[PDB]
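Chains as they are written, first to last, in the entry's author numbering: chain B, 56 to 131; chain A, 1 to 167.
All residues carry an ideal CB built from backbone N, CA and C; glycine is no exception.
Here's the structure, in structure tokens; my notes come after.
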Amino acid sequence: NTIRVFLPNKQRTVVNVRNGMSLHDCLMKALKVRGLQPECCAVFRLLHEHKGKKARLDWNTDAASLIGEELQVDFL
Amino acid sequence: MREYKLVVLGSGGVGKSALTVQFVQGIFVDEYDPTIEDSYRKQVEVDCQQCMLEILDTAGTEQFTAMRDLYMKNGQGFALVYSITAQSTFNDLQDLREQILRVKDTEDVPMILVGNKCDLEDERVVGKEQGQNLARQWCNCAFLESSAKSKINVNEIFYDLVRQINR
Ligand SMILES: Nc1nc2c(ncn2[C@@H]2O[C@H](COP(=O)(O)OP(=O)(O)NP(=O)(O)O)[C@@H](O)[C@H]2O)c(=O)[nH]1
Ligand SMILES: [Ca+2]
Ligand SMILES: [Mg+2]
């Protein structure tokens with residue numbers, strides 16, 4: 056029940072998802088300890104099927120719906 | 001600026017993450033939240049030089065350890081951390097040091113033995129000379145006792161590794 060997230064400055068984290076958490080709730084701590092603020096970043100779902108595309112997600116997305124997906128957080 | 005790849009190793013609950021986030025963010029993590037996979041990067045200044053530090057924080061408690069060999073292959077400097085309040089964590093380190101030498105294939109690899117939770121003196125079960133005597137056997141490698149909570153020798157762990165790599 057985890058999600059791997061690639062972060063800016065070549066960083067990465069694998070977070071645990073507890074049912075009920077929004078995407079913002081599960082990445083909160085990982086962003087805070089790196090001094091990253093979600094309001095200044097966009098979060099994407101990595102599309103492996105379409106060689107290199109990312110599809111932007113809302114920070115309020117239900118996190119359990121994304122188990123198994125690899126994500127990317129970028130600055131706006 | 002120059003990049004330095006460091007890996008923090010050790011058994012579970014010894015403070016690997018607490019030392020790391022205290023170093024990069026100045027935050028003390030009081031909760032025990034087992035690591036799965038985490039890497040940090042921070043531009044620092046070591047000896048009048050601006051440099052990029054990559055810090056791979058490893059899981060002290062994981063089921064599959066096949067990747068450890070790869071983390072050791074790509075890392076330039078290693079911090080082996082144990083807790084002075086738990087004997088088993090100190091005992092577990094010899095295997096990690098042997099595994100690193102095996103992967104790098106040299107006895108001369110930047111390394112520092114760290115005895116964390118030095119602020120819990122009354123709960124100490126690993127003596128300081130006991131720690132120093134292990135480091136001397138490991139070819140006189142760097143050794144220090146730290147505390148992520150009291151901020152004792154936290155920056156020193158990482159700068160020392162940068163310094164050994166520069167030699
Ligand atoms: N008092 C004291 N507590 C510490 C110190 N360093 C870490 N802790 C506490 O010890 C617990 C475990 O720390 P943590 O950093 O999570 O350990 P870890 O080695 O990273 N664990 P794991 O491998 O599972 O990821 C946490 O509650 C943390 O607050 C320290 O120097 N002093
Ligand atoms: Ca996937
Ligand atoms: Mg940890």
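Taking a contact to require three or more Cβ pairs closer than 8 Å, the region 57-65 of chain A and the region 36-46 of chain A qualify as touching. Contact of residue 11 of chain A with chain B is not assigned, every C-beta pair being separated by 8 Å or more. Contact annotation for residue 21 of chain A against chain B: 88 [CB-CB distance below 8 Å, chain order].
Between the alpha carbons of residue 123 of chain A and residue 150 of chain A lies a distance of about 16 Å. Take the alpha-carbon of residue 92 of chain B and the one of residue 100 of chain A: they are about 36 Å apart.
DSSP places residue 143 of chain A in the strand class (E or B) of the three-state scheme. Non-local beta-carbon contacts of residue 61 of chain B in its own chain, meaning distances under 6 Å to residues more than five positions away in sequence, involve 67, 127 in chain order.
Between residue 87 of chain A and residue 46 of chain A, the C-beta spacing is not below 8 Å.
At a cut-off of 8 Å between C-beta atoms, residue 72 of chain B does not count as an interface residue with respect to chain A. Taking a Cβ-Cβ threshold of 7 Å, the residues of chain B close to residue 27 of chain A are 88, in chain order. Close to ligand 3, as judged by a C-beta nearer than 7 Å to any of its heavy atoms, are the residues A:16, A:17, A:34, A:35, A:57, A:59, A:60, in chain order. Taking 8 Å as the upper bound for CB-CB distance, residue 16 of chain A and residue 81 of chain A are in contact here, some 5 Å apart.
With contacts defined as CB atoms closer than 8 Å, residue 77 of chain A and residue 164 of chain A qualify as a contacting pair. Interface with chain B (8 Å Cβ-Cβ cutoff): residue 36 of chain A is included. Relative to residue 118 of chain A, the option among A:84, A:79, A:18 whose CA is nearest is A:84. At least one heavy atom of ligand 1 lies less than 7 Å from the C-beta of residue 119 of chain A. Looking at the DSSP output, residue 39 of chain A sits in a beta bridge with B:67, A:56.
Here DSSP, grouped into helix, strand and coil, assigns residue 116 of chain B to coil. Judged by beta-carbon spacing, residue 128 of chain A lies beyond the 8 Å limit of residue 54 of chain A, meaning their Cβ atoms are not closer than that value.
Contacts between residue 69 of chain B and chain A, judged by CB atoms closer than 7 Å, involve 36, 37 in chain order.
Those residues whose C-beta sits under 6 Å from the nearest heavy atom of ligand 2 are, from N- to C-terminal order along the chain, B:123, B:124, B:125.
Residue 113 of chain A places its beta carbon less than 8 Å from that of residue 131 of chain A.
Of B:129, B:58, B:64, the smallest CA-CA separation from residue 94 of chain B is found for B:129. Between residue 67 of chain A and residue 3 of chain A, the C-beta spacing is not below 8 Å.
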